[PDB]
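For reference, the structure is listed below as structure tokens.
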Amino acid sequence: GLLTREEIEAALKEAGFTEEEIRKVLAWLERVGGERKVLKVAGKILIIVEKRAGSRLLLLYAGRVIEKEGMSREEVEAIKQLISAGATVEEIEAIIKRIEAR
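Position 45, counted from 1, in the sequence shown is what the deposited numbering calls 45; the numbers after and before it change by one each time, with no gaps.
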């Protein structure tokens with residue numbers, strides 16, 4: 001199913017976020033109100049929140065916060081692959097910017 005808020009908290013504490021920062025993330029998750037499919041790959045937190053008004057995506061790791069809205073399946077898939085490739089959130093964002101430039 002979907003990852004619970006308590007499990008997300010623990011995962012983000014591993015990623016390197018404080019409970020206050022996590023609270024902000026939880027607010028973001030509630031803001032969208034979609035299906036919070038949160039994955040933990042190699043320490044990197046891949047938050048995929050599916051919604052009919054547009055899939056939202058949030059990358060969290062080592063204090064880095066990448067908030068994206070209106071993400072396509074191809075973009076989300078690419079991000080997931082980059083994470084599994086061992087790419088950092090900053091490097092992923094650089095790739096996303098290259099995508100957005102197109």
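Each residue gets a CB set at the ideal place from its N, CA and C atoms; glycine is no exception.
Can you tell me the Cβ-Cβ gap for residue i and residue j, rounded? I've got them flagged as a contact below 8 angstroms.
| i | j | result |
| --- | --- | --- |
| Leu58 | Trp28 | 6 angstroms |
| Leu82 | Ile66 | About 12 angstroms; that fails the 8 angstroms criterion. |
| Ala15 | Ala62 | 7 angstroms |
| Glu35 | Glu50 | 4 angstroms |
| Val41 | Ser84 | 6 angstroms |
| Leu60 | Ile45 | 4 angstroms |
From the DSSP output, which residues share a beta bridge with residue i?
| i | result |
| --- | --- |
| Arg36 | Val49 |
| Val41 | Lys44 |
| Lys68 | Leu57 |
Using a Cβ-Cβ cutoff of less than 6 angstroms, which residues in the same chain neighbour residue i once the five nearest sequence positions on both sides are dropped?
| i | result |
| --- | --- |
| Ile8 | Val38 |
| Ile47 | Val38 and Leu58 |
Does the Cβ of residue i have 16 or more other Cβ atoms within 10 Å, making it buried, or fewer, making it exposed?
| i | result |
| --- | --- |
| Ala101 | exposed |
| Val89 | buried |
| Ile99 | exposed |
Which of helix, strand or coil does DSSP assign to residue i?
| i | result |
| --- | --- |
| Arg23 | helix |
| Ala94 | helix |
| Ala101 | coil |
Going along the chain, which residues of its own chain have a beta-carbon closer than 7 angstroms to the beta-carbon of residue i, five neighbours each way excluded?
| i | result |
| --- | --- |
| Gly70 | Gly54 |
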